[PDB]
Each structure stands twice: as structure tokens, then as C-alpha cells.
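What follows is one chain in C-alpha cells, specifically the form deposited in one PDB entry.
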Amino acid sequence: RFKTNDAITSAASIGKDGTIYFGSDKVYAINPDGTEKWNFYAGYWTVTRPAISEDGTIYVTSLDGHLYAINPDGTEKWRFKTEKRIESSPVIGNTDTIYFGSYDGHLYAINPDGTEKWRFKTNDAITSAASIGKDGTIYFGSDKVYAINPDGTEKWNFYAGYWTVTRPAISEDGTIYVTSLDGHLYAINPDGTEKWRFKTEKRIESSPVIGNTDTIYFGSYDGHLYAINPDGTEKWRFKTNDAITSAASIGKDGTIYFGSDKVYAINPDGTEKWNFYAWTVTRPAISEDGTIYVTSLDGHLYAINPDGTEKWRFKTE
């Protein structure tokens, strides 16, 4: 190991009423006008993006080892305990099951009532979030890419370089995309065989995202947002001055939003639509009315108009 930090601010996620939730020293719920709606203590620190259920429940994983289920009013619905820190963002899939990886080596599947559905054991900490395909298979990566059956048994695994810290994306045709620390974007067939691999010369910490006629986008440490055709060839790159460490988000018209040194908005064709100066910035969250929200690692939440101008800025301390 090494001297670590851990005190950073999470990406935002948006409720159905437009409430914006993120985690830091606490779990904040922020109104669309930038005023704090409420405040929730979820252990000593939260670095993970909240997941919002169709009934309004907000799920937060904490460095204190718990998955918290929080009601819309800010009260605790339940907490689910592990004995280790969670750096893996929770994902809801299949029929309201909540999935997250643990520093104890397990992928957890949690029922909506707060009870454990199953665990799947690996030999090292999982820090990355999971993804669920149309048949219910659960994919995540650590020392390998795992495909887990809905009953919690391993379906297959796949070696995509020495380690993976990102979230898989799953196309309509069932291809699983995994960005690896070895610099590759892997396309994996549903049976676990490699479809293709696309190479960069640097590490990737940006989870891939799919949009605009099945194009795959991901950020690189070489400073570029890459746009990859479904056949594994590069469509275009857009260059920024910093490493990109978080996933992009795709607006309704197909605009690609991401943060590195600035918040950037990019047309499907690779041309810059705008940028906005806002410490590194996390994955943008886009509301139904087109407002863009990003957090900065040092505890700011920014609301940005579709034209790229700031609307407001909420500060933690």
C-alpha cells in the first residue's frame, strides 16, 4: 500500500422530482434551486454515487461498511452491514435487487427489505460497480470480469488485463464492454469470448457508456474522450488537458457530457459544443429538463444550463 486519501466527493444522481443527491461528509439532498432539502449521516464518509429506486428510496454505500436505504424525507429505511468499507456504487437491477461490491471480496445482492439475497466470493477487494444484462446476468470486474447468474452462481469469467476498476456497459445486442487498466476497451460476447479489443497506451479509469447508434465512449489518461464504433475501430477523439477518470453521460439529443479539467459538452460527431470551468469534476448527471449537475472532488455541486452557463453552486462547508 501507500498513503491514501478517501475523503473525496461522489458523483450526483437525480430523483424523479429533480432532487439531486450526492455523498461527501454526509449524504446531501439538494433542491433544483440549489437549496439543501436535507442532510443524512451515513457513517464517516461516502465516496459512492447514490442509486435511486422507482419508489424513491435512495441507496448509499458507505466507507463505514453499510448499505443505507434512505427514504425521500431523509429518514433511514434500513441499513445493511458488512465488516469492511464499500467504495462500490450500488446498482439496482433485475426485480429491485441492489448489487454492490465489497472490500471483503464479495459481490452482494440485497433484497429491497434490507436482507441479504446472496454473496459471490472473490479473492480481492471489489471497488467497482456492477451491470445487469437483459436476461438478468450481473457483470462486474476486479482481477477478472465475472458474469454472475441471477442465483449468485458464476456463469463465466474473462481475463481483461491485470485489473479493472470500472463499470461494464451492455449493448442492446448483448455485447459487454469493459475498460481495463491495461489500456484496452474489451468487447465481450455474452458467452465470455472476446469479440474485439481496442487499445490505448494508458490506463483507463472511465467506465464506458453506449449511445448514438451504439457508439461506445470512454475517457482516457492520455486526456482524450474516445468514441468507438461497434466494430472496434476509433470514430474520433476529443482532447482535454487532464486525465479523464469518470464516465461520460449522454443527453437526450445525443450530446456527450464529461468532466476532466473542465466540464465538456460534445456533439455526436466529435465537435465541441461547449466547455465550462468548475479540483477535478465527477460524472455529470442530466435531469429531464436538461440541467447538468457535476460535483467537484472538494465538495461543490454545480448546476449548469444546457448552454453551458452556470446556474448555481452548492457548497458542503
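Residue numbers run from 1 along the displayed sequence. If you superpose the two forms and keep the largest set of C-alpha atoms that fall within 1.5 Å, you have the rigid core.
Quick note: we don't show the form deposited in another entry, though the next part is all about it.
For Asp113, the Cα coordinates differ by under 2 angstroms between this form and the one not shown after the core has been superposed. With the core held fixed, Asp151 shows a CA shift below 2 Å between this form and the one not shown.
Core-superposed comparison between this form and the one not shown: the Cα of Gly308 travels less than 2 Å.
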